[PDB]
Amino acid sequence: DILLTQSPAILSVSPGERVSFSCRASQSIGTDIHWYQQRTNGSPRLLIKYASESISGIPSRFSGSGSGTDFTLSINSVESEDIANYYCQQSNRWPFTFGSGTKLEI
Amino acid sequence: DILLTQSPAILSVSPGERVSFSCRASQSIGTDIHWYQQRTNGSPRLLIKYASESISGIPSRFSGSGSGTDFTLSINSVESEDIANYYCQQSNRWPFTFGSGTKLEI
Amino acid sequence: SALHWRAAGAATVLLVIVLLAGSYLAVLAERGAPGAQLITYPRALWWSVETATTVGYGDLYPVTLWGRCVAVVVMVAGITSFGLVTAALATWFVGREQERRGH
Amino acid sequence: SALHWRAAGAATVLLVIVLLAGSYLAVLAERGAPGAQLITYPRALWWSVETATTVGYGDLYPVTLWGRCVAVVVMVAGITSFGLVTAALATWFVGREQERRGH
Amino acid sequence: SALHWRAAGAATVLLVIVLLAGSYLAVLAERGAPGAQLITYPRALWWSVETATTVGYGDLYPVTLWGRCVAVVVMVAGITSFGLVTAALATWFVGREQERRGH
Amino acid sequence: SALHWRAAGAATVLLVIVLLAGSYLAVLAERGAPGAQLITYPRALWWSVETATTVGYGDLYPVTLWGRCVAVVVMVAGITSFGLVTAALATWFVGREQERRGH
Ligand SMILES: CCCCCCCCCCCC(=O)OC[C@H](CO)OC(=O)CCCCCCCC
Ligand SMILES: CCCCCCCCCCCC(=O)OC[C@H](CO)OC(=O)CCCCCCCC
Ligand SMILES: CCCCCCCCCCCC(=O)OC[C@H](CO)OC(=O)CCCCCCCC
Ligand SMILES: CCCCCCCCCCCC(=O)OC[C@H](CO)OC(=O)CCCCCCCC
Ligand SMILES: CCCC[N+](CCCC)(CCCC)CCCC
Ligand SMILES: CCCCCCCCCO
Ligand SMILES: CCCCCCCCCO
Ligand SMILES: CCCCCCCCCO
Ligand SMILES: CCCCCCCCCO
Ligand SMILES: CCCCCCC
Ligand SMILES: CCCCCCC
Ligand SMILES: CCCCCCC
Ligand SMILES: CCCCCCC
Ligand SMILES: [Co+2]
Ligand SMILES: [K+]
Ligand SMILES: [K+]
Ligand SMILES: [K+]
Ligand SMILES: [K+]
Ligand SMILES: [K+]
Ligand SMILES: [K+]
């Protein structure tokens, strides 16, 4: 199965700063990576699909970039409601797999 | 030739525990990996074919998973008759090659 | 009207249906096979087009028994249908040449 | 003159135009997609040739929706045009055999 | 009955036999070549199908002299046979158009 | 004798000559390009066969301008020649059906 590594596991940042979450795939997967936000006690919520595509309802703050094996979720100007766990997910090859998670800390 | 690495060489486990044997191929081989059990003084016996397919007569205890380069033989709830040497074998590319073996210890 | 053009039209509709059903069935066949890439609908439709035209880039392909049977039906239908267009054009040209000759 | 040869000539000119416009539009469609290789004009012309003839080596291929629509037009036009040449040859051979028979 | 349909039927049976013998002989030819992937029977049958239809994904291919000779026979037979179907369809359409004209 | 069979024979000889000259010229064109794999004669002949039949596995392909021009000539000649065989078969079937009808 495709291994998705997310390191660092925790990310500390000051309010209004730009933050970047990393996702690395164990093999090349074009742009078939999707990003989810999960707040404390909430269900996951899709933020970005196919590595860079916006979802409606998601703040413009959030963007994605990357292809092949290296992927980045970015937040321009972090704020409090962004405190969450962040997961990447691949749909290039069966079975779909998740990364292990990066926690965002302010 | 395709190199098949099986590490650890020996695996110690307590009865009824879940055990996982590892097989890594030096290049990508889809699912063309087969697993054999060889008890002391016995001939090898096929357990799993094409990485995850059951053989009839093998206890349901045994399963396989993986594709590409990383393969796993698993035993739910180890028991005494499982004390053996365990070998993987590839048929993706000529010539067929064997891994070096993992011994199971209880 | 003329049989050759009826058959061409019919060939084209059938091929569209084979593409669409092939996409749906390839995903069905291929999910559950570790390593399979032919597993989402939009790229499956692309894959079936490039298979019917027999272009086959190698960016996508089935790895299961049923996925591969699906693939064969798609090939045979793309080759057959395009062959039928060529046949219909040859009928058209032959009939017009008989005329131009006064036959 | 004869319809089959007119159509062959016309098929060939159309195909050349499809190759050229396909190259230009494939680059247009594909730039802005991370990972896309089909992004400079000279290799795009090569890519469209190997797609029209349906050879498809897999050294290059579109990854976007529009790039792939472009690809489909190119395939259909290469297959169609070469089919039309075969049709025109069959008309030629059939007419000459009618003669050789005295019909 | 009619020659074109007899030949089509015959083409199809021959092609099935070429696929099967090609699979068996490709494995024979290719085992003993380090690195060869065309070495088990089920994927060899798939490989020969995708070669006969000329789809050629590139997931499998021979690397030896004899494997490649085998491959050539399979190509020629798939192209030839499918060509023969097109020919038979053109004969069918031409005959029906002669009728519809009253000729 | 009959034009269609003469042309088929001639098509086959021409194609053999194009394969052989294409192999020789592809190596010539491609040596001196860093990364090129199409650089020894035996695999070049194989490469040209799989290009003429339009199978194109992707194990080998030109990367230079002239290598790619060479490739195009080979494609056009393989497609054309095999098309000519189909044409000749359609002429054969059509003539035999005229007979079987008493025309
Ligand atoms: C069995 C049901 C089949 C349904 C398939 C429908 C797909 C078509 C449009 C949907 C829009 C979309 O979001 O896909 C484009 C995608 C953008 O992310 O990129 C893609 O590459 C899609 C490739 C599809 C290419 C098909 C070309 C065939 C002429
Ligand atoms: C929409 C506009 C299309 C314009 C394309 C024109 C390209 C042709 C000649 C330019 C010379 C050049 O510097 O290219 C050769 C290049 C050398 O660096 O190597 C290449 O590989 C170019 C490959 C092109 C192969 C095309 C073969 C088709 C018969
Ligand atoms: C010269 C003798 C040829 C014998 C070949 C017979 C193979 C067919 C069925 C056997 C079942 C099996 O276990 O194969 C399917 C396999 C499942 O492990 O996956 C596969 O991918 C097999 C691929 C075969 C695809 C062929 C499609 C052609 C229409
Ligand atoms: C322009 C001159 C062309 C000359 C080419 C002649 C090659 C043919 C025979 C020589 C024997 C040899 O040592 O090649 C086989 C090789 C064994 O090492 O393996 C190979 O893979 C050679 C592949 C050639 C496949 C061609 C199949 C076409 C029907
Ligand atoms: C330019 C396209 C021609 C490709 N054909 C037919 C197209 C199929 C949609 C492949 C048929 C082979 C089964 C002709 C063979 C070329 C040698
Ligand atoms: C031979 C083509 C029919 C499709 C075979 C089964 C479809 C997928 C089953 O899961
Ligand atoms: C269907 C072929 C027409 C091309 C589609 C759009 C061209 C590229 C747009 O950016
Ligand atoms: C030319 C096709 C006939 C097959 C050549 C030999 C078969 C494999 C020999 O080991
Ligand atoms: C267009 C085909 C003719 C070949 C072009 C030149 C041959 C290689 C030159 O080095
Ligand atoms: C079981 C019906 C077959 C579907 C057509 C395959 C494309
Ligand atoms: C919008 C016009 C289509 C261009 C032809 C595609 C090759
Ligand atoms: C020696 C007989 C040739 C077998 C047919 C090749 C597919
Ligand atoms: C300059 C002569 C062209 C050779 C034929 C290409 C295969
Ligand atoms: Co008459
Ligand atoms: K390839
Ligand atoms: K490849
Ligand atoms: K082809
Ligand atoms: K092809
Ligand atoms: K191909
Ligand atoms: K390919």
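Read the numbers this way: they start at 1 and go in the same order the structure lists the ligands and their atoms. Per chain, numbering begins at 1; letters A, B, ... match sequence-line order. The analysis underlying the following values was restricted to heavy atoms, covering all of them including side chains, and did not include hydrogens, waters or symmetry mates.
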Show me which atoms of ligand 7 lie under 4.0 Å from any heavy atom of D:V70. 4 (C)
Does one side chain, of D:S23 or D:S48, offer a donor that lies under 3.5 Å from an acceptor on the other? yes
I'd like to know if the side chain of E:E50 reaches the main chain of C:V72, judged simply by a donor and an acceptor atom lying under 3.5 Å from each other, with no hydrogens or angles considered. no
Could you tell me whether atom 1 (C) of ligand 12 has at least one protein heavy atom nearer than 4.0 Å? no
Any E:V70 heavy atom less than 4.0 Å to ligand 12: no
State the atoms of ligand 12, each with its element, that fall below the 4.0 Å cut-off from a heavy-atom position in E:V18. 7 (C)
Closest protein heavy atom (residue, atom, distance) for atom 7 (C) of ligand 7: D:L25 CD2, 3.7 Å
Atom 4 (C) of ligand 12 - nearest protein heavy atom and its distance: E:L25 CD1, 3.5 Å
Does the side chain of E:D59 pick up a donor-acceptor pair with the side chain of E:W46 at under 3.5 Å? yes
Going by atom types alone, do E:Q37 and E:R43 pair a side-chain donor with an acceptor below 3.5 Å? no
Tell me whether the rings of C:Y57 and D:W47 are parallel (<30°), tilted (30 to 60°) or perpendicular (>60°). parallel
Pull out every atom of ligand 7 sitting under 4.0 Å from any heavy atom of D:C69, numbered as shown with elements. 1 (C)
So which heavy atom in the protein is nearest atom 10 (O) of ligand 7, and how far is it from that ligand atom? D:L28 CD2, 3.9 Å
Residue pair E:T53 / C:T54, side-chain donor-acceptor N/O under 3.5 Å: no
Just by modelled atom types, is the E:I39 backbone N or O under 3.5 Å from a matching donor or acceptor in the E:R31 side chain? yes
Heavy atoms from other residues, nucleotides or ligands near CH2 of E:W66 exceed 12 (cutoff 6.0 Å): no
Closer than 4.0 Å to some heavy atom of E:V73 - which atoms of ligand 12 meet that? 6 (C), 7 (C)
Just to confirm my output: which protein heavy-atom neighbour is closest to atom 5 (C) of ligand 7, and how far is it? D:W66 CE3, 3.8 Å
Return yes when at least one protein heavy atom is under 4.0 Å from atom 3 (C) of ligand 7, and no when none is. no
